[PDB]
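When we count neighbours, we look across all protein chains shown, and the Cβ atoms used for this are built from the backbone with ideal geometry, even at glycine. What follows is calculated from the coordinates using simple rules that are stated; it is not laboratory data.
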Amino acid sequence: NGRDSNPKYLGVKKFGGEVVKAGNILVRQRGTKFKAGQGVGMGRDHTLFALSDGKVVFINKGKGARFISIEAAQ
Amino acid sequence: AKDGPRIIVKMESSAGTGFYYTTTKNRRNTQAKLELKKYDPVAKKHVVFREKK
Amino acid sequence: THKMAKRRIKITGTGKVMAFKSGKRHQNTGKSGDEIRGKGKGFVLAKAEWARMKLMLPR
Amino acid sequence: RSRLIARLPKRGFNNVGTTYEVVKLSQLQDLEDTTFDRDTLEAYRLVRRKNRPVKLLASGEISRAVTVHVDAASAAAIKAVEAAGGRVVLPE
RNA sequence: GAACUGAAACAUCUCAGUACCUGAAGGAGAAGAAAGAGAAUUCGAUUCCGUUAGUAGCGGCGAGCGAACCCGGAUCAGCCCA
RNA sequence: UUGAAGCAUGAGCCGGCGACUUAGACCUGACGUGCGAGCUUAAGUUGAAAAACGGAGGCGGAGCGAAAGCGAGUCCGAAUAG
RNA sequence: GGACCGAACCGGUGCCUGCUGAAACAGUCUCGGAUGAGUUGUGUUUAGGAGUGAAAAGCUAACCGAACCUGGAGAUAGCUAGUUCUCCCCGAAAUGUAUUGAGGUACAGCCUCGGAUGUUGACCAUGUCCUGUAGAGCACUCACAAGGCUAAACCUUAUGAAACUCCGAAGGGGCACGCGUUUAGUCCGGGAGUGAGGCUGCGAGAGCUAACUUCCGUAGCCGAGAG
RNA sequence: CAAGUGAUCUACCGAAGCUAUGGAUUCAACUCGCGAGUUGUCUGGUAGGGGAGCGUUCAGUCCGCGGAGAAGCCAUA
RNA sequence: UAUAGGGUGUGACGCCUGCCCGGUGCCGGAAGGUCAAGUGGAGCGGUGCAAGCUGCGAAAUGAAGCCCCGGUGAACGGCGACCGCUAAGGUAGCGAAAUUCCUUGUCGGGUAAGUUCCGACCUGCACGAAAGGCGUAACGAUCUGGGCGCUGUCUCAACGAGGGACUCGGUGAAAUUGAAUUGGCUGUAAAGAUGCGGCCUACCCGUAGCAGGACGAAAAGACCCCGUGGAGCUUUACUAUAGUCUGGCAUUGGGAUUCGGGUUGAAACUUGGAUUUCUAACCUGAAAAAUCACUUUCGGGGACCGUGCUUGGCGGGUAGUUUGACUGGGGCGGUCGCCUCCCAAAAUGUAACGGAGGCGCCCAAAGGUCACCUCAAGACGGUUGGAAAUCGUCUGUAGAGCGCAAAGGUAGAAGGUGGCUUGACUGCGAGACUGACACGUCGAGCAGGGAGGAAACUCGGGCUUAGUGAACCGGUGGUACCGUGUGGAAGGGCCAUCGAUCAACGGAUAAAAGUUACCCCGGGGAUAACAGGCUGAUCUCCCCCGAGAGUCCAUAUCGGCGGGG
RNA sequence: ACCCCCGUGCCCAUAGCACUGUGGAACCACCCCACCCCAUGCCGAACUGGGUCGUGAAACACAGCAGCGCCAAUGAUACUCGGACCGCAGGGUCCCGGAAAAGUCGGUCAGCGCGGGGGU
Ligand SMILES: [Mg+2]
Ligand SMILES: [Mg+2]
Ligand SMILES: [Mg+2]
Ligand SMILES: [Mg+2]
Ligand SMILES: [Mg+2]
Ligand SMILES: [Mg+2]
Ligand SMILES: [Mg+2]
Ligand SMILES: [Mg+2]
Ligand SMILES: [Mg+2]
Ligand SMILES: [Mg+2]
Ligand SMILES: [Mg+2]
Ligand SMILES: [Mg+2]
Ligand SMILES: [Mg+2]
Ligand SMILES: [Mg+2]
Ligand SMILES: [Mg+2]
Ligand SMILES: [Mg+2]
Ligand SMILES: [Mg+2]
Ligand SMILES: [Mg+2]
Ligand SMILES: [Mg+2]
Ligand SMILES: [Mg+2]
Ligand SMILES: [Mg+2]
Ligand SMILES: [Mg+2]
Ligand SMILES: [Mg+2]
Ligand SMILES: [Mg+2]
Ligand SMILES: [Mg+2]
Ligand SMILES: [Mg+2]
Ligand SMILES: [Mg+2]
Ligand SMILES: [Mg+2]
Ligand SMILES: [Mg+2]
Ligand SMILES: [Mg+2]
Ligand SMILES: [Mg+2]
Ligand SMILES: [Mg+2]
Ligand SMILES: [Mg+2]
Ligand SMILES: [Mg+2]
Ligand SMILES: [Mg+2]
Ligand SMILES: [Mg+2]
Ligand SMILES: [Mg+2]
Ligand SMILES: [Mg+2]
Ligand SMILES: [Mg+2]
Ligand SMILES: [Mg+2]
Ligand SMILES: [Mg+2]
Ligand SMILES: [Mg+2]
Ligand SMILES: [Mg+2]
Ligand SMILES: [Mg+2]
Ligand SMILES: [Mg+2]
Ligand SMILES: [Mg+2]
Ligand SMILES: [Mg+2]
Ligand SMILES: [Mg+2]
Ligand SMILES: [Mg+2]
Ligand SMILES: [Mg+2]
Ligand SMILES: [Mg+2]
Ligand SMILES: [Mg+2]
Ligand SMILES: [Mg+2]
Ligand SMILES: [Mg+2]
Ligand SMILES: [Mg+2]
Ligand SMILES: [Mg+2]
Ligand SMILES: [Mg+2]
Ligand SMILES: [Mg+2]
Ligand SMILES: [Mg+2]
Ligand SMILES: [Mg+2]
Ligand SMILES: [Mg+2]
Ligand SMILES: [Mg+2]
Ligand SMILES: [Mg+2]
Ligand SMILES: [Mg+2]
Ligand SMILES: [Mg+2]
Ligand SMILES: [Mg+2]
Ligand SMILES: [Mg+2]
Ligand SMILES: [Mg+2]
Ligand SMILES: [Mg+2]
Ligand SMILES: [Mg+2]
Ligand SMILES: [Mg+2]
Ligand SMILES: [Mg+2]
Ligand SMILES: [Mg+2]
Ligand SMILES: [Mg+2]
Ligand SMILES: [Mg+2]
Ligand SMILES: [Mg+2]
Ligand SMILES: [Mg+2]
Ligand SMILES: [Mg+2]
Ligand SMILES: [Mg+2]
Ligand SMILES: [Mg+2]
Ligand SMILES: [Mg+2]
Ligand SMILES: [Mg+2]
Ligand SMILES: [Mg+2]
Ligand SMILES: [Mg+2]
Ligand SMILES: [Mg+2]
Ligand SMILES: [Mg+2]
Ligand SMILES: [Mg+2]
Ligand SMILES: [Mg+2]
Ligand SMILES: [Mg+2]
Ligand SMILES: [Mg+2]
Ligand SMILES: [Mg+2]
Ligand SMILES: [Mg+2]
Ligand SMILES: [Mg+2]
Ligand SMILES: [Mg+2]
Ligand SMILES: [Mg+2]
Ligand SMILES: [Mg+2]
Ligand SMILES: [Mg+2]
Ligand SMILES: [Mg+2]
Ligand SMILES: [Mg+2]
Ligand SMILES: [Mg+2]
Ligand SMILES: [Mg+2]
Ligand SMILES: [Mg+2]
Ligand SMILES: [Mg+2]
Ligand SMILES: [Mg+2]
Ligand SMILES: [Mg+2]
Ligand SMILES: [Mg+2]
Ligand SMILES: [Mg+2]
Ligand SMILES: [Mg+2]
Ligand SMILES: [Mg+2]
Ligand SMILES: [Mg+2]
Ligand SMILES: [Mg+2]
Ligand SMILES: [Mg+2]
Ligand SMILES: [Mg+2]
Ligand SMILES: [Mg+2]
Ligand SMILES: [Mg+2]
Ligand SMILES: [Mg+2]
Ligand SMILES: [Mg+2]
Ligand SMILES: [Mg+2]
Ligand SMILES: [Mg+2]
Ligand SMILES: [Mg+2]
Ligand SMILES: [Mg+2]
Ligand SMILES: [Mg+2]
Ligand SMILES: [Mg+2]
Ligand SMILES: [Mg+2]
Ligand SMILES: [Mg+2]
Ligand SMILES: [Mg+2]
Ligand SMILES: [Mg+2]
Ligand SMILES: [Mg+2]
Ligand SMILES: [Mg+2]
Ligand SMILES: [Mg+2]
Ligand SMILES: [Mg+2]
Ligand SMILES: [Mg+2]
Ligand SMILES: [Mg+2]
Ligand SMILES: [Mg+2]
Ligand SMILES: [Mg+2]
Ligand SMILES: [Mg+2]
Ligand SMILES: [Mg+2]
Ligand SMILES: [Mg+2]
Ligand SMILES: [Mg+2]
Ligand SMILES: [Mg+2]
Ligand SMILES: [Mg+2]
Ligand SMILES: [Mg+2]
Ligand SMILES: [Mg+2]
Ligand SMILES: [Mg+2]
Ligand SMILES: [Mg+2]
Ligand SMILES: [Mg+2]
Ligand SMILES: [Mg+2]
Ligand SMILES: [Mg+2]
Ligand SMILES: [Mg+2]
Ligand SMILES: [Mg+2]
Ligand SMILES: [Mg+2]
């Protein structure tokens, strides 16, 4: 049939290496796809956001071991 | 949000008087036992009166 | 115009145009979130070029 | 289709009752002589259209004496009028 | 006492008291001597121009319609009857 | 017009006629000029082989609010967050 | 005698001729009625949502599903045409979104002019993150070839997959750097137009793995490009 | 009897591409007067934007012309 | 002056005219239901110190009308959407008929041969009784079939005549016309070429002729679609309305009777209603005076009617209008918003009348927190209980569950169970995701207050992703800003909320359906029908393999299942 | 310092399972009883609480072991950015770098800390 609906825009907003601010969105994905690490929060929609300004970094080995974290600069 | 003759309802809150409102959606599905809950008005805080009508 | 008079589209010092917030307004609200008491003053100047000549005597 | 204007809420008011001619405080004090503008300076002074009451508001400041007759003024201005010496008077 | 038209359709609304018709009259006519305007216990017959002012307001509060008071001018006369 | 020598439109030929205007104390930009903490008059009056006069009014000069109002502050609110 | 035949007269059945006519409805031949609901002269009456009509929406001054004239009136026209003197500089669009919207409008995108800013643009290289197509492969779900076993399971052997995935590139995307070449970019403000695209190669759907088909993606050209 | 065809090599042909010589626009720079001048650069083009101009009538002003002849008309290298 | 007049349908005459009123209309309908203005006016509120002045305002009472009951079909109508139940289901007569789809129905007649015509039959796609049924002498420039007669209609044309056509003298038009120095074939081009390419042919110019081409001329296609273009018509579309019915109030008065009752058991100033009656208003007719006017003398009607104002109904008789888009032309059908997967080409984004499926909710606990708990399935053994139960042990990266649709996700749980609970909070909102806008999504942290925990802490609904409606206009609770001399109040504003299958889901007005073959305009080859063009599913034809038939033998002929052109 | 035990991290199967052997007054564990703290929607099995003997059986701990799991090359190939092409079409090729999945060769039954108790 002809009934499919809407874009939904899920993604990884700030990729590893990037300098986040406080309140920026790091990932948009569906349930758990990335786990919130050090310095990273998570909302209703999941969707990790930045707790503290700094540099974003990706950490994984396998499975659900994916993690997003922040660290400061100075 | 739409409304009809059917089950559940929209029900307002009590007098935190203050003459005040809350209005959470409710249901007659479980029971007609009415209701009372805790909320805060202009006056004070947590003045807890009964679901109306 | 007479339309934006008691309505939104307020001009400011910089000449920028002030918009209110719509959803929801006096009906069909229900639900939960703050957001009810969260419809305030707002704006964008992209459309606003066309809103100046609609009512400028006042701000 | 349906213009933004119509889509946008308001009721609000109109009114617009009494509105005051502003007299900038920097204008009196410091520059010129701080010459005691009195009640009607008018010409050589900044009020023009009038037929509207005049209010005196604090903007610039220095210590010099002044006597200002206006319809009203800000209390934080009227603070600096006496604290430099001088006064602000209002009608009965 | 119209309609096309406009409101991007159409009924309120707009066109517009316009067009047309009829009646009366003059070189002009109409209007006029406050049971008024108004909010200063102010003005001071009428008409006209500028301005107030796209301001107050009117409106499927839509399209769109839209004053007057103060002030500045042209001209300025009030006289008679129950 | 995606695409025209087109068997798609128009035109027999030559002359002459023939289509982005005008209006407003309107709005908003650019260039130019004169005055610039200010700038400028309208209707009208006077004088016209020519122009002066006329401050009624208009525009800067304070913003914020739904409004009362307050004022380099204002608004939402008990504050501070905005 | 709303009888018969048949002239006058009234009428138009059939064929033809005529078609820039002799004629804006006729001519020859033929035919109908030819004392009746007959033919026709004069004067008169009825008209525009009105008249008349043995009834076709017929007639109402050679074009009547609403006559003519004058006026509102330069009605309105999201439609069709047309828009004239020269050289120079730049230079598009036929996409998105919404629309009583689909050949029309609004906003954004793309063009230009001016001011501000000033290498922030561009390519390419390094570094780092993100991805589930190509291929592959049955470990999940559906499918499925030959057996073994005591019909599902189970074992040997063997396959398919847009809506399967144990895996998984080439490329692509973001950020940093300029380790090195280039020259644009952004903001503010004036003016726009375009919003019907077409073809080919590659990647798909629909189609019949048909179309100078249709609908998206992607590069290049015509579009607006002569040699 | 290849002017068919597979492979290899090399001479020439061939565009408004590149090159030669000359010339003009565009922007940019360098100072000269307080427009010009070499250098480097640019210049296909529809809707559309920007810029500089040609010609017609009228008007003000200036300079003038015309019966030994005005405008208009006709011819031309 | 009902042997009359109006309307309607039928249509000499003859034999006749059935069944069904449920719905619609129409005529007649004392109970009862609803119902307008208007009489009545309990009570609620505003202002003033008050007299009082004022804003709404219901019981009862109030007409015609519909609802409800009965009847009425030479009233609208109905008498096969497989019998389907709906008031009933076809009386005569007719039927392959002007009705018949299949259809050239099947027989028969006529012809050498008959899709027609005639006669039968009947299985009437969709005969039938005043839209009349079936007959009927006569009539017909009516329509259909057949015969005789005669014939140029024909085989098949010939000769002859007159009038044009042609030639000379005279006068002398027209539509049309980018410009032309205007060939054939075969290609190519916007897809039918004199004008492009290659090849061929062709001395210059005329007159009489012919109609293939010049997509020949004529008329900005009348078919088709398009335009938020038009006009005629229609109705149970919308809306008003001429018209008409009805209540109240005037014109418009009197008296008897009765009931309802007030002011001073009757008297009685009376105030109205109902029937009745009178007569001055008013209408109206005869008399020498035709329309009138009158003293009128009169005769009848008469508070009615008519008429002015207002109340409610009826009202295609009339009038203004509405009647969406998408769409491999339009229509019919389907589809419009929202969530999930595939398409989607390993970023996001991405279309088709592409391939599948769901949403317009639920949950007072399926929420908050605090604690503990671990599933599906198999094998063995076990009790009305066996496929499946309940119990036991063993295996048991999930093969389970998560309220619904799928994807992601989940074992240190979001899943299973309890304790206590109201954060499914008021005031804000750093900084980001996403959108042309308008929307939409996430969110640390601050304060006022809480909740669970001993505590770190967590909480401003749910594993997330669907469960929605801008603005306008308005209902309710607050709040006390505005408030037209002032002080109040009516009215308005901000706070919170309720109203929307406005589902054509960015929503046109508060309120809207059809038809045009009588059609008109503005356009479109942006878009159907004819033809061409590209294509070749289908259609036509050929080929390949060879099982089988041909007693025997595939291949004299015929060629299963398949295959290629 | 060494042996080892108890705790607790990092790593986040090349550290996992089964077959199995050592371990016991020092540490862990079972065992012991529990009206009450506390607690099983039935059972103190689980939490919980009072403590020995016993036991090293179970659970745990370490050593063994490469049958299973898990990791897994080099070679070649699939595919592919870019370049250049053949076929009416389905499809195919050449150059250029990039370069999998599976499979084989193999590699393993881990590594790295902090603290405390106990032997030498
Ligand atoms: Mg999607
Ligand atoms: Mg790992
Ligand atoms: Mg303001
Ligand atoms: Mg109209
Ligand atoms: Mg209109
Ligand atoms: Mg009107
Ligand atoms: Mg007149
Ligand atoms: Mg006269
Ligand atoms: Mg005036
Ligand atoms: Mg005056
Ligand atoms: Mg006077
Ligand atoms: Mg075309
Ligand atoms: Mg061409
Ligand atoms: Mg042509
Ligand atoms: Mg055309
Ligand atoms: Mg022509
Ligand atoms: Mg104007
Ligand atoms: Mg002005
Ligand atoms: Mg004016
Ligand atoms: Mg200027
Ligand atoms: Mg100056
Ligand atoms: Mg006769
Ligand atoms: Mg006879
Ligand atoms: Mg006739
Ligand atoms: Mg005749
Ligand atoms: Mg006869
Ligand atoms: Mg009519
Ligand atoms: Mg005539
Ligand atoms: Mg005529
Ligand atoms: Mg007409
Ligand atoms: Mg016109
Ligand atoms: Mg007009
Ligand atoms: Mg129109
Ligand atoms: Mg117009
Ligand atoms: Mg260029
Ligand atoms: Mg949308
Ligand atoms: Mg635009
Ligand atoms: Mg620029
Ligand atoms: Mg400037
Ligand atoms: Mg640089
Ligand atoms: Mg940049
Ligand atoms: Mg850069
Ligand atoms: Mg796949
Ligand atoms: Mg594959
Ligand atoms: Mg997949
Ligand atoms: Mg493997
Ligand atoms: Mg990679
Ligand atoms: Mg602009
Ligand atoms: Mg311009
Ligand atoms: Mg514009
Ligand atoms: Mg469009
Ligand atoms: Mg388009
Ligand atoms: Mg396209
Ligand atoms: Mg297909
Ligand atoms: Mg095509
Ligand atoms: Mg074009
Ligand atoms: Mg070319
Ligand atoms: Mg180009
Ligand atoms: Mg070329
Ligand atoms: Mg060149
Ligand atoms: Mg040169
Ligand atoms: Mg150019
Ligand atoms: Mg001369
Ligand atoms: Mg001249
Ligand atoms: Mg009849
Ligand atoms: Mg009955
Ligand atoms: Mg037959
Ligand atoms: Mg037939
Ligand atoms: Mg026979
Ligand atoms: Mg015959
Ligand atoms: Mg027969
Ligand atoms: Mg025949
Ligand atoms: Mg026939
Ligand atoms: Mg028959
Ligand atoms: Mg009958
Ligand atoms: Mg009948
Ligand atoms: Mg019938
Ligand atoms: Mg009949
Ligand atoms: Mg009959
Ligand atoms: Mg006859
Ligand atoms: Mg005939
Ligand atoms: Mg015959
Ligand atoms: Mg015979
Ligand atoms: Mg002859
Ligand atoms: Mg002859
Ligand atoms: Mg002659
Ligand atoms: Mg001649
Ligand atoms: Mg020739
Ligand atoms: Mg060709
Ligand atoms: Mg051609
Ligand atoms: Mg040809
Ligand atoms: Mg040729
Ligand atoms: Mg040529
Ligand atoms: Mg001819
Ligand atoms: Mg046309
Ligand atoms: Mg016609
Ligand atoms: Mg219409
Ligand atoms: Mg009426
Ligand atoms: Mg009425
Ligand atoms: Mg009508
Ligand atoms: Mg009606
Ligand atoms: Mg359509
Ligand atoms: Mg169709
Ligand atoms: Mg259409
Ligand atoms: Mg469907
Ligand atoms: Mg994607
Ligand atoms: Mg991609
Ligand atoms: Mg697209
Ligand atoms: Mg789609
Ligand atoms: Mg598909
Ligand atoms: Mg849980
Ligand atoms: Mg506690
Ligand atoms: Mg918080
Ligand atoms: Mg209220
Ligand atoms: Mg007042
Ligand atoms: Mg109030
Ligand atoms: Mg919409
Ligand atoms: Mg809409
Ligand atoms: Mg509406
Ligand atoms: Mg509607
Ligand atoms: Mg007909
Ligand atoms: Mg007609
Ligand atoms: Mg037409
Ligand atoms: Mg076409
Ligand atoms: Mg189209
Ligand atoms: Mg179209
Ligand atoms: Mg045809
Ligand atoms: Mg045709
Ligand atoms: Mg065709
Ligand atoms: Mg082809
Ligand atoms: Mg055989
Ligand atoms: Mg054989
Ligand atoms: Mg053979
Ligand atoms: Mg065959
Ligand atoms: Mg074949
Ligand atoms: Mg341990
Ligand atoms: Mg020992
Ligand atoms: Mg025990
Ligand atoms: Mg063991
Ligand atoms: Mg290798
Ligand atoms: Mg290969
Ligand atoms: Mg390639
Ligand atoms: Mg090729
Ligand atoms: Mg290949
Ligand atoms: Mg390469
Ligand atoms: Mg390679
Ligand atoms: Mg490699
Ligand atoms: Mg491998
Ligand atoms: Mg091996
Ligand atoms: Mg071991
Ligand atoms: Mg240690």
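Under the condition of being among the aromatic types (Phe, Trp, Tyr) and assigned to a loop (DSSP other than H, G, I, E, B), which residue from segment A:1-56 is nearest to residue A:73 (Cα to Cα)? It comes out as A:15.
Residues checked against (1) on the phi > 0 side of the Ramachandran plot; (2) more than 13 Å from the chain's Cα centre (by Cα); (3) of a type outside the set (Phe, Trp, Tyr):
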residue	(1), (2), (3)
D:2	no, yes, yes
D:12	yes, yes, yes
D:19	no, no, yes
D:27	no, no, yes
D:38	yes, yes, yes
D:45	no, no, yes
D:59	no, no, yes
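Is there a residue in segment C:29-40 that is in contact (Cβ under 8 Å) with a residue 12 or more places away in the chain and more than 11 Å from every other protein chain (Cβ to nearest Cβ)? The answer is yes, given that some residue of segment C:29-40 is in contact (Cβ under 8 Å) with a residue 12 or more places away in the chain and more than 11 Å from every other protein chain (Cβ to nearest Cβ).
Of all residues in segment D:10-19, one or more are within 16 Å of ligand 3 (Cβ to nearest atom), surrounded by 10 or more Cβ atoms within 10 Å (Cβ to Cβ) and without any contact (Cβ under 8 Å) to a residue 24 or more places away in the chain. Test residue D:43 against the stated conditions and say whether it is within 14 Å of another protein chain (Cβ to nearest Cβ), more than 9 Å from RNA strand F (Cβ to nearest atom) and loosely packed, with under 13 Cβ neighbours inside 10 Å. Criteria not met by residue D:43. The set of residues in segment C:1-28 being more than 10 Å from every other protein chain (Cβ to nearest Cβ) and either in a loop (DSSP other than H, G, I, E, B) or small (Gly, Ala, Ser) (or both) consists of C:2, C:12, C:13, C:14, C:15, C:16.
For segment C:9-29, indicate whether the set of residues that are out of contact with any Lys or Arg (no Cβ under 9 Å at 6 or more places or on another chain), polar (S, T, N, Q) and either surrounded by 15 or more Cβ atoms within 10 Å (Cβ to Cβ) or under 30 Å from residue B:3 (Cα atoms) (or both) is non-empty. The answer is yes, given that some residue of segment C:9-29 is out of contact with any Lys or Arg (no Cβ under 9 Å at 6 or more places or on another chain), polar (S, T, N, Q) and either surrounded by 15 or more Cβ atoms within 10 Å (Cβ to Cβ) or under 30 Å from residue B:3 (Cα atoms) (or both).
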